[PDB]
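K.L.:
Shown below is the structure under consideration.
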2 protein chains.
Amino acid sequence: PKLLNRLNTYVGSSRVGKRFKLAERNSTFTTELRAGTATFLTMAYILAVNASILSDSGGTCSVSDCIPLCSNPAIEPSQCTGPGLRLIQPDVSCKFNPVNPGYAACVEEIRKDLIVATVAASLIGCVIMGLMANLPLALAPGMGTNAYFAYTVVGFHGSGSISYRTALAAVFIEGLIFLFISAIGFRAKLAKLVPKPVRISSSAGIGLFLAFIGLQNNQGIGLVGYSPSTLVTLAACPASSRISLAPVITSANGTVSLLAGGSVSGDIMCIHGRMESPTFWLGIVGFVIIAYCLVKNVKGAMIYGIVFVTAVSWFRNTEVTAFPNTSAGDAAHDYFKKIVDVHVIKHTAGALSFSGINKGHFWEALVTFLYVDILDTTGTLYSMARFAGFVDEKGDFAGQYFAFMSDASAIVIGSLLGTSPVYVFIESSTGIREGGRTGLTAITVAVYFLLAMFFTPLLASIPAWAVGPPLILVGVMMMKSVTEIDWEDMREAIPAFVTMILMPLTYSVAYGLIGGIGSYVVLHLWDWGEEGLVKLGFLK
Amino acid sequence: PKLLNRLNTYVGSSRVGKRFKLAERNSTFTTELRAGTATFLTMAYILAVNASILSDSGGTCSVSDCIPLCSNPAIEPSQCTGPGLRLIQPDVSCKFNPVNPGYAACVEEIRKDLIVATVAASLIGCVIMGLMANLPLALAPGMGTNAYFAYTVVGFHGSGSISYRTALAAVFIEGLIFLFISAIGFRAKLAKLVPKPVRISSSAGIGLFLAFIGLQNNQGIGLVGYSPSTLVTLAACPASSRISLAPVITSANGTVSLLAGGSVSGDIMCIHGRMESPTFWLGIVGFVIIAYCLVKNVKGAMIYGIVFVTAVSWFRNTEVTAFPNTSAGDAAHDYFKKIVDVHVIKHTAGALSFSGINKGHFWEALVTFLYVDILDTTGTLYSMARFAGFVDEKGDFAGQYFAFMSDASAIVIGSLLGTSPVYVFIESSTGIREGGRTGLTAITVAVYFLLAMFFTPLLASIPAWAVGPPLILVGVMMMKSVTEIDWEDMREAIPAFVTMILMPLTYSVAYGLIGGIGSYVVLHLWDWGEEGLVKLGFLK
Ligand SMILES: *[C@@H]1O[C@H](CO)[C@@H](O[C@@H]2O[C@H](CO)[C@@H](O)[C@H](O)[C@H]2NC(C)=O)[C@H](O)[C@H]1NC(C)=O
Ligand SMILES: *[C@@H]1O[C@H](CO)[C@@H](O[C@@H]2O[C@H](CO)[C@@H](O)[C@H](O)[C@H]2NC(C)=O)[C@H](O)[C@H]1NC(C)=O
């Protein structure tokens with residue numbers, strides 16, 4: 001007949017085809033390849049978004065990486081010898097605005113390491129899922145968990161309460177816990193520990209958090225900036241018209257300023273020219289492109305928007321350039337010039353540290369990882385199984401046990417490589433829509449991720465306004481869970497609203513979950529006491 | 001029979017009963033009184049929330065009422081005569097932190113005016129609806145437009161782009177516009193001008209906006225404070241541990257500070273003691289009290305939470321006191337000590353000013369008032385008519401012509417008295433449930449508002465953490481509109497999400513609507529262009 005059908009029959013009748021059970025699942029070899037291609041197309045925006053978001057965390061960079069700076073900017077530090085001229089030893093302020101050039105270079109190196117680590121963790125998770133579990137599920141570091149890890153647990157440039165190494169240790173312990181509770185088979189049981197309204201509204205809260213991240217300056221398009229009174233107003237004026245903030249002291253006459261050692265912000269307050277920053281408008285154009293491609297059911301909408309914005313930003317001498325005429329910009333362009341590069345992780349791999357176990361914030365972060373990973377994993381696996389028709393009358397899909405162990409092992413490996421916990425994604429459904437039924441789809445996605453290596457220079461040149469609109473639209477897609485919340489019932493509307501609004505407003509998934517669980521418990525205390533008295537018999 | 005039944009039969013056969021059509025609507029006199037009481041109880045939280053929010057707008061006064069301050073705080077301004085000692089002329093910074101004692105005298109005096117103006121607008125609006133339209137609809141300044149008028153159009157202490165007097169002129173003209181388009185009868189027709197996702201998600205966006213205000217410091221319980229990096233984190237540390245911010249200049253060596261004339265913020269940045277401010281915990285207790293009463297279907301849930309928090313804050317020497325041991329706090333207690341007082345509006349009444357018509361921000365606010373009021377009034381009235389069974393097969397409720405013209409007339413009067421536009425509340429549905437059918441219910445609510453006067457001292461003593469949880473819980477109830485947004489459709493999910501999220505993030509209803517309408521128009525340009533070519537005939 002045709003060469004394509006000959007290939008399909010040869011693969012299906014071979015040992016590898018029988019091992020993957022292609023015949024018993026009615027999926028051919030090329031069907032699995034097409035499903036993997038579609039899954040990678042709908043998933044590959046991670047290679048930009050997750051790597052950049054983890055890059056904001058600062059990685060393993062510390063104050064030791066900041067170089068001493070001369071008294072005046074006009075003299076290079078080696079020539080900083082003269083009257084009234086001295087070199088300033090770095091402090092904790094070296095990490096934040098104005099960022100020490102040494103710390104910035106360390107952050108770029110960490111960005112390359114984290115691109116490679118994210119790709120490697122996704123590859124290893126996909127391979128484990130395809131081989132050990134034999135399911136068309138593609139694994140990659142999660143969106144909300146990654147954002148929580150970077151901006152809340154470790155914070156921007158390590159401003160959080162837990163260091164990056166200790167957060168990696170938390171992720172590793174979380175993976176070990178999942179391995180333990182999935183070897184027994186209790187993950188389905190712990191999928192009911194959390195309250196229902198919290199369970200549904202956590203996704204919408206995480207989506208709002210991601211959209212708010214995408215509406216900021218350091219990794220979004222702008223449009224949300226500091227306000228002295230209202231605390232948040234319309235940003236997206238040009239970067240030349242943005243100024244920093246430092247804490248001050250007020251008195252009954254005038255504002256005698258400068259609390260010494262105060263943490264100066266970035267460039268968040270807009271002085272004039274609102275709605276005029278070209279980077280924000282380029283982000284809006286990419287947003288429109290992604291939105292149209294999502295409306296038209298075009299696979300890779302996120303990819304097309306990111307690529308368009310990044311390619312416009314790759315030009316050297318524009319206002320939207322990703323390589324400004326600076327030493328750091330010149331280095332970024334020099335690294336981007338070599339299109340293909342094989343990068344070896346040097347700082348992030350094996351960067352675990354169990355020193356901060358005793359701290360309360362460590363356990364808060366670990367419990368948050370447990371809760372969020374449980375919700376995402378149990379929801380997505382059963383949604384996928386319903387998509388693929390693997391759900392029987394009992395409600396299981398045969399390989400669920402190995403699927404959960406694969407996810408836990410992939411989380412452990414990602415922690416060892418130095419990334420946020422890795423999930424099966426909802427976009428895996430795309431492959432299932434394309435006919436993907438066996439683990440060969442995961443193998444194909446892993447091969448695509450492998451080819452996504454040797455392209456670190458193209459992935460490290462993706463600007464913030466390119467990361468940008470993908471976050472907003474990911475939040476839009478996550479928002480759809482609000483439909484099955486009974487907003488008429490206050491016992492369910494109040495905890496759900498509280499969770500959903502605290503995640504973006506406290507800027508913390510942990511704080512949103514804690515607030516929602518506390519509100520649920522408080523609002524149901526009366527009912528639980530009534531039921532306890534009824535069981536005891538004081539009431540009828 | 002009974003004296004109660006004798007009263008019902010006497011009025012029903014009287015001229016007043018026949019004019020109100022009690023017999024033809026099967027509602028008795030006491031039924032309207034119970035309905036009016038239930039409507040007032042369900043909506044009485046405006047007497048706390050409304051006046052407080054408009055008070056933050058700064059009212060009518062300006063830097064002219066800030067008093068000159070001595071060089072040092074330790075010397076009273078009259079005794080400010082000595083070597084190196086001088087009186088500081090007030091500037092625009094007198095209005096903001098640290099607030100000039102002269103300007104702080106306004107807000108207390110303006111708050112008393114805005115308590116009466118809120119009641120008088122509510123009283124007159126209820127009477128006109130009760131008499132001219134004969135419907136059980138209670139009119140009061142809207143919750144969402146209140147916050148937009150105070151915090152966005154005029155801004156906190158007049159920091160916005162439009163002065164309070166000009167914003168009143170916007171409301172007056174905006175009131176005239178409906179009076180014109182309701183006399184013709186087109187207000188039903190303009191209910192379709194807005195896109196469907198924008199109309200539905202505007203309520204949820206406003207609810208997020210209102211809950212966002214309830215989580216701030218100047219009008220809420222706290223728990224949301226400034227962050228140097230993330231721009232929002234967990235506030236609600238004690239007020240002694242909050243510090244201000246002033247814009248600064250960064251260089252390549254160090255942050256040489258103080259952009260001269262920069263707008264110093266309030267007390268938004270928390271240094272330590274997070275989750276330890278007693279005022280926030282008092283608000284949470286009030287939040288729990290309202291939530292349980294809302295759950296238990298207890299009428300007046302908002303008031304009980306407001307009253308309990310306000311009553312605890314009335315004690316003089318606690319950490320949650322509403323009258324701190326200051327000169328302003330002593331004056332607040334002195335005015336509170338006289339329980340009953342008849343207040344005459346002296347600054348706010350008739351404070352219109354058409355000087356700023358030519359400015360663009362004036363028309364942005366006026367059109368935003370026009371849009372917001374169209375969605376609120378048309379949606380509420382038909383929901384009320386469905387509740388009261390006044391909707392015929394044609395979909396009208398007979399007295400709709402005067403119902404819209406009554407609402408327009410009340411808005412004009414409210415602007416003259418100096419409040420935000422007044423609407424029929426959704427809480428008007430409450431009295432309809434107990435049997436409110438004629439305009440006598442509105443008269444009864446009007447009488448209660450009359451009794452709400454002579455209690456300005458008790459209403460001007462309501463602290464920010466008492467306003468607080470009602471705003472959060474009003475945001476919860478407004479959030480129920482999300483259920484009829486097709487979140488599967490990106491042509492509706494994206495504009496709805498954008499509309500919903502910009503209102504609390506840009507912290508502006510106008511920006512949320514402009515973004516949502518712009519996103520709706522852009523995302524439908526391809527479809528409209530396709531159908532335009534189909535009508536022309538280039539396509540099939
Ligand atoms: C860092 O370099 C700046 C110059 O940009 C220095 O700024 C000083 O502070 C203000 C702002 O310019 C001026 O009034 C001073 O004259 C500046 N000093 C000098 C010598 O020009 C600042 O001195 C430098 N900071 C440190 C710690 O050396
Ligand atoms: C305003 O009040 C302060 C006291 O709170 C006055 O004293 C100044 O305080 C700052 C530090 O808080 C010192 O750096 C200044 O040297 C102090 N000034 C003097 C003369 O001692 C301050 O003088 C007052 N400022 C104005 C403009 O009146």
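Labeling convention for the structure tokens: chains A, B, ... as they appear, residues from 1 per chain, ligands from 1 in order of appearance.
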With only C-alpha atoms and all ligand atoms counted, collect every polymer residue having an atom within 7 Å of ligand 1; state the result as a PyMOL selection string.
P.N.:
(chain A and resi 71-73) or (chain B and resi 251-254+256)
K.L.:
Would you give me, as a list in words, the residues of chain B that come within 6 Å of chain A, using only C-alpha atoms?
P.N.:
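Selected residues: residues 73, 228, 229, 232, 233, 234, 244, 245, 246, 247, 248, 252, 265, 295, 480, 483, 487, 490, 506 and 507 of chain B.
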K.L.:
So that I have them on file, write out the residues from the current selection with N, CA, C and O atoms, as a tab-separated table (two decimals), in the first residue's frame.
P.N.:
```tsv
chain	number	residue	atom	x	y	z
B	73	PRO	N	6.90	69.81	65.53
B	73	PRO	CA	5.59	69.39	66.07
B	73	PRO	C	5.37	69.78	67.51
B	73	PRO	O	4.21	69.85	67.95
B	228	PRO	N	7.84	45.60	48.31
B	228	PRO	CA	8.87	46.19	47.44
B	228	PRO	C	9.01	45.47	46.11
B	228	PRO	O	9.30	46.10	45.10
B	229	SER	N	8.81	44.15	46.09
B	229	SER	CA	9.00	43.35	44.89
B	229	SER	C	7.69	42.92	44.26
B	229	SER	O	7.49	43.09	43.06
B	232	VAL	N	2.18	43.59	46.43
B	232	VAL	CA	1.10	43.24	47.37
B	232	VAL	C	1.55	42.02	48.17
B	232	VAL	O	2.01	41.03	47.60
B	233	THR	N	1.43	42.10	49.49
B	233	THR	CA	1.64	40.95	50.37
B	233	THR	C	0.66	41.01	51.53
B	233	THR	O	-0.32	41.76	51.51
B	234	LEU	N	0.95	40.21	52.56
B	234	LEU	CA	0.09	40.08	53.72
B	234	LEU	C	0.36	41.22	54.69
B	234	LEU	O	1.44	41.30	55.28
B	244	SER	N	5.69	54.58	55.64
B	244	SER	CA	5.32	55.21	54.38
B	244	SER	C	6.40	55.01	53.33
B	244	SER	O	7.50	54.53	53.60
B	245	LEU	N	6.08	55.41	52.10
B	245	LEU	CA	6.98	55.28	50.96
B	245	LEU	C	7.08	56.61	50.24
B	245	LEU	O	6.10	57.33	50.10
B	246	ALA	N	8.29	56.92	49.78
B	246	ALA	CA	8.51	58.11	48.98
B	246	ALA	C	9.35	57.74	47.77
B	246	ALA	O	10.32	56.98	47.90
B	247	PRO	N	9.01	58.25	46.60
B	247	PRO	CA	9.77	57.91	45.39
B	247	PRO	C	11.21	58.38	45.49
B	247	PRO	O	11.51	59.45	46.04
B	248	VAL	N	12.12	57.57	44.95
B	248	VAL	CA	13.55	57.80	45.04
B	248	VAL	C	14.19	57.57	43.67
B	248	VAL	O	13.53	57.16	42.71
B	252	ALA	N	23.97	53.56	39.72
B	252	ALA	CA	24.73	52.33	39.56
B	252	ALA	C	25.56	51.98	40.78
B	252	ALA	O	26.20	50.92	40.80
B	265	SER	N	3.18	57.96	50.50
B	265	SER	CA	2.02	57.09	50.68
B	265	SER	C	1.53	57.19	52.11
B	265	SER	O	2.00	58.00	52.91
B	295	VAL	N	-25.34	33.09	56.16
B	295	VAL	CA	-25.59	31.67	55.97
B	295	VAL	C	-26.95	31.28	56.55
B	295	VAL	O	-27.73	30.56	55.91
B	480	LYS	N	-21.53	36.10	42.09
B	480	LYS	CA	-22.36	35.01	41.58
B	480	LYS	C	-22.65	35.12	40.09
B	480	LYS	O	-23.12	34.15	39.49
B	483	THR	N	-21.34	32.59	36.87
B	483	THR	CA	-21.87	31.30	36.46
B	483	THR	C	-22.51	31.31	35.08
B	483	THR	O	-22.62	30.24	34.47
B	487	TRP	N	-17.19	30.14	29.98
B	487	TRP	CA	-15.74	30.13	30.10
B	487	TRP	C	-15.07	29.19	29.11
B	487	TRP	O	-13.85	29.26	28.95
B	490	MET	N	-13.51	31.31	24.31
B	490	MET	CA	-12.51	32.35	24.55
B	490	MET	C	-12.98	33.72	24.09
B	490	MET	O	-12.49	34.74	24.59
B	506	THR	N	-6.14	47.47	38.08
B	506	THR	CA	-6.04	48.90	37.82
B	506	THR	C	-6.81	49.71	38.84
B	506	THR	O	-6.68	50.94	38.89
B	507	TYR	N	-7.62	49.03	39.65
B	507	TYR	CA	-8.34	49.58	40.79
B	507	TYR	C	-9.31	50.65	40.28
B	507	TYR	O	-9.44	51.73	40.84
```
K.L.:
Write out as a list in words the residues lying within 7 Å of residue 206 (chain B), counting only C-alpha atoms and excluding same-chain residues fewer than 3 positions away.
P.N.:
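Contacts, with the query itself left out: residues 144, 202, 203, 209, 210, 503 and 509 of chain B.
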K.L.:
Given the selection you just returned, output its residues as a file containing N, CA and C atoms, formatted as an mmCIF file, in the first residue's frame.
P.N.:
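part_31.cif was written with the following content:
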```
data_model
loop_
_atom_site.group_PDB
_atom_site.id
_atom_site.type_symbol
_atom_site.label_atom_id
_atom_site.label_comp_id
_atom_site.auth_asym_id
_atom_site.auth_seq_id
_atom_site.Cartn_x
_atom_site.Cartn_y
_atom_site.Cartn_z
ATOM 1 N N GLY B 144 -20.893 49.919 43.981
ATOM 2 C CA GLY B 144 -19.762 49.949 43.069
ATOM 3 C C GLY B 144 -19.424 51.345 42.588
ATOM 4 N N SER B 202 -18.905 42.597 34.595
ATOM 5 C CA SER B 202 -18.688 43.880 35.253
ATOM 6 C C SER B 202 -19.104 43.818 36.715
ATOM 7 N N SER B 203 -20.215 43.138 37.004
ATOM 8 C CA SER B 203 -20.653 42.990 38.387
ATOM 9 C C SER B 203 -19.630 42.219 39.207
ATOM 10 N N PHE B 209 -13.467 44.456 43.029
ATOM 11 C CA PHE B 209 -13.019 45.798 43.374
ATOM 12 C C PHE B 209 -13.463 46.187 44.777
ATOM 13 N N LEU B 210 -14.724 45.917 45.120
ATOM 14 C CA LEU B 210 -15.214 46.253 46.453
ATOM 15 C C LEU B 210 -14.508 45.435 47.526
ATOM 16 N N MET B 503 -10.641 45.704 37.015
ATOM 17 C CA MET B 503 -11.300 46.579 37.983
ATOM 18 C C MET B 503 -10.635 46.565 39.351
ATOM 19 N N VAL B 509 -13.104 50.967 37.829
ATOM 20 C CA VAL B 509 -14.180 50.354 37.060
ATOM 21 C C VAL B 509 -14.092 50.764 35.596
#
```
K.L.:
Please provide the set of residues having any atom within 8 Å of region 125-139 of chain B, restricted to only C-alpha atoms, with same-chain residues fewer than 5 positions apart removed, written as an NGL selection string.
P.N.:
:B and (20 or 36 or 39 or 399-400 or 402-403 or 406-407 or 409-411 or 422-425 or 428-429 or 431-432 or 436-443 or 445-446)
K.L.:
So which residues touch residue 279 (chain A) within 12 Å, counting only C-alpha atoms, skipping near sequence neighbours fewer than 3 positions away, as a ChimeraX atom specification?
P.N.:
/A:217,219-223,235-239,275-276,282-286,309-310,312-313,318-322,463-469
K.L.:
Let me see the file: selected residues, C-alpha atoms, as a compact mmCIF listing (two decimals), in the first residue's frame.
P.N.:
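Produced file part05.txt, reproduced below:
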```txt
# COMPACT_ATOMS: atom_id res chain seq x y z
CA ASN A 217 6.76 44.56 35.20
CA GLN A 219 7.73 39.20 34.09
CA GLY A 220 4.57 40.74 32.63
CA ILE A 221 3.61 43.42 30.11
CA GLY A 222 3.12 46.11 32.74
CA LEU A 223 -0.26 47.89 33.03
CA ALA A 235 1.17 51.14 34.59
CA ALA A 236 2.62 50.59 31.10
CA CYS A 237 4.38 53.88 30.74
CA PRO A 238 7.89 53.75 29.26
CA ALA A 239 10.62 52.37 31.49
CA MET A 275 -0.40 53.62 28.22
CA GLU A 276 2.59 54.57 26.08
CA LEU A 282 3.89 44.61 21.81
CA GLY A 283 2.67 42.39 24.63
CA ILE A 284 -0.90 43.39 23.80
CA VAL A 285 -0.32 42.49 20.14
CA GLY A 286 1.01 39.10 21.21
CA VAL A 309 6.78 38.94 20.45
CA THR A 310 10.26 37.49 20.98
CA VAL A 312 10.07 41.47 17.31
CA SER A 313 12.12 41.95 20.48
CA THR A 318 14.31 49.24 19.01
CA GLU A 319 12.42 50.36 22.09
CA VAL A 320 11.07 46.81 22.50
CA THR A 321 14.49 45.15 22.20
CA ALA A 322 15.41 42.19 24.38
CA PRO A 463 11.71 39.05 27.24
CA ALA A 464 9.26 39.66 30.06
CA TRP A 465 6.60 41.13 27.77
CA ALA A 466 6.78 37.91 25.76
CA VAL A 467 6.21 35.77 28.86
CA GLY A 468 3.51 38.25 29.52
CA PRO A 469 0.25 37.43 27.76
```
K.L.:
Please indicate the distance in Å from CA of residue 420 (chain A) to CA of residue 518 (chain A), rounded to one decimal place.
P.N.:
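For CA of residue 420 (chain A) relative to CA of residue 518 (chain A), the distance reads 26.3 Å.
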K.L.:
Pick out each residue of region 31-118 of chain B that DSSP on the backbone tags as alpha helix (DSSP H); I need them as a CSV table (one decimal) with C-alpha atoms, in the first residue's frame.
P.N.:
```
chain,number,residue,atom,x,y,z
B,31,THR,CA,-47.4,43.6,54.8
B,32,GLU,CA,-45.8,46.7,53.3
B,33,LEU,CA,-44.5,47.8,56.7
B,34,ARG,CA,-42.9,44.4,57.3
B,35,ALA,CA,-41.6,44.5,53.7
B,36,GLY,CA,-40.2,48.0,54.2
B,37,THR,CA,-38.5,46.9,57.4
B,38,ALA,CA,-37.0,43.8,55.8
B,39,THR,CA,-35.8,46.0,52.8
B,40,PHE,CA,-34.3,48.5,55.2
B,41,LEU,CA,-32.7,45.9,57.3
B,42,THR,CA,-31.1,44.1,54.3
B,43,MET,CA,-29.8,47.4,52.9
B,46,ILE,CA,-25.0,51.7,53.3
B,47,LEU,CA,-25.4,54.0,56.3
B,48,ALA,CA,-21.9,52.7,57.4
B,49,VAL,CA,-20.2,51.8,54.1
B,50,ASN,CA,-21.5,54.6,51.8
B,51,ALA,CA,-20.6,57.7,53.9
B,52,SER,CA,-17.2,56.2,54.8
B,53,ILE,CA,-16.3,55.6,51.2
B,54,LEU,CA,-17.3,59.0,49.9
B,55,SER,CA,-15.6,60.6,52.9
B,56,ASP,CA,-12.2,59.2,51.7
B,101,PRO,CA,-4.9,68.7,61.0
B,102,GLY,CA,-6.8,71.4,59.2
B,103,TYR,CA,-7.6,69.0,56.3
B,104,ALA,CA,-8.5,66.3,58.7
B,105,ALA,CA,-11.1,68.7,60.1
B,106,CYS,CA,-12.8,68.6,56.7
B,107,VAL,CA,-13.2,64.8,56.4
B,108,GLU,CA,-14.9,64.6,59.8
B,109,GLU,CA,-17.1,67.6,58.8
B,110,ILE,CA,-17.6,66.2,55.3
B,111,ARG,CA,-18.4,62.8,56.7
B,112,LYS,CA,-21.2,64.3,58.7
B,113,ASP,CA,-22.5,66.0,55.6
B,114,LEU,CA,-22.2,62.8,53.5
B,115,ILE,CA,-24.1,60.8,56.1
B,116,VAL,CA,-27.0,63.2,55.8
B,117,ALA,CA,-26.6,63.5,52.0
B,118,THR,CA,-26.5,59.7,51.7
```
K.L.:
Report, in Å to a single decimal, how far apart CA of residue 333 (chain A) and CA of residue 460 (chain A) are.
P.N.:
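Between CA of residue 460 (chain A) and CA of residue 333 (chain A) the gap is 10.0 Å.
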K.L.:
What are the nearest atom pairs, with distances in Å to one decimal, for all residues of region 324-429 of chain B that come at most 7 Å from region 186-194 of chain B, using only C-alpha atoms, set out by chain and rising residue number as JSON lines?
P.N.:
```
{"residue": "B:374", "atom": "CA", "partner": "B:191", "partner_atom": "CA", "distance": 6.3}
{"residue": "B:375", "atom": "CA", "partner": "B:191", "partner_atom": "CA", "distance": 6.6}
{"residue": "B:378", "atom": "CA", "partner": "B:191", "partner_atom": "CA", "distance": 6.7}
```
K.L.:
Would you list the contacts of residue 360 (chain B) as number ranges by chain, taking every protein, DNA or RNA residue within 10 Å and counting only C-alpha atoms, but skipping same-chain residues closer than 5 positions in sequence?
P.N.:
B: 161-162, 365-366
K.L.:
Would you list the contacts of residue 453 (chain B) as a ChimeraX atom specification, taking every protein, DNA or RNA residue within 9 Å and counting only C-alpha atoms, but skipping same-chain residues closer than 3 positions in sequence?
P.N.:
/B:115-116,119-120,340-343,448-450,456
K.L.:
Could you write out that same residue set with N, CA and C atoms as a compact mmCIF listing (two decimals), in the first residue's frame?
P.N.:
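Final output, out_5.txt:
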```
# COMPACT_ATOMS: atom_id res chain seq x y z
N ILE B 115 -23.09 61.69 55.46
CA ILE B 115 -24.05 60.81 56.11
C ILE B 115 -25.47 61.29 55.84
N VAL B 116 -25.70 62.59 56.02
CA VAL B 116 -27.02 63.16 55.77
C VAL B 116 -27.33 63.14 54.28
N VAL B 119 -28.34 59.72 53.27
CA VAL B 119 -29.69 59.41 53.74
C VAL B 119 -30.72 60.22 52.97
N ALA B 120 -30.46 61.52 52.79
CA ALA B 120 -31.41 62.38 52.10
C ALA B 120 -31.61 61.95 50.65
N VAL B 340 -27.88 61.78 69.58
CA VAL B 340 -28.77 62.25 68.54
C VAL B 340 -28.40 63.68 68.16
N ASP B 341 -28.34 63.95 66.86
CA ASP B 341 -28.03 65.28 66.37
C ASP B 341 -28.64 65.45 65.00
N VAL B 342 -29.26 66.61 64.77
CA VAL B 342 -29.80 66.96 63.46
C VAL B 342 -28.73 67.78 62.75
N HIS B 343 -28.24 67.25 61.64
CA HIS B 343 -27.13 67.87 60.93
C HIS B 343 -27.62 68.55 59.66
N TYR B 448 -37.70 54.89 57.56
CA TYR B 448 -36.59 54.36 58.33
C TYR B 448 -35.33 55.18 58.11
N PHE B 449 -35.07 55.57 56.86
CA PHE B 449 -33.92 56.43 56.58
C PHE B 449 -34.06 57.77 57.27
N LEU B 450 -35.29 58.28 57.39
CA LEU B 450 -35.50 59.50 58.16
C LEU B 450 -35.09 59.30 59.61
N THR B 456 -26.48 60.69 63.10
CA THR B 456 -25.18 60.97 62.50
C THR B 456 -24.02 60.72 63.46
```
K.L.:
For a test of reading the model, state the distance in Å between CA of residue 179 (chain A) and CA of residue 408 (chain A), rounded to one decimal.
P.N.:
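CA of residue 408 (chain A) lies at a distance of 5.3 Å from CA of residue 179 (chain A).
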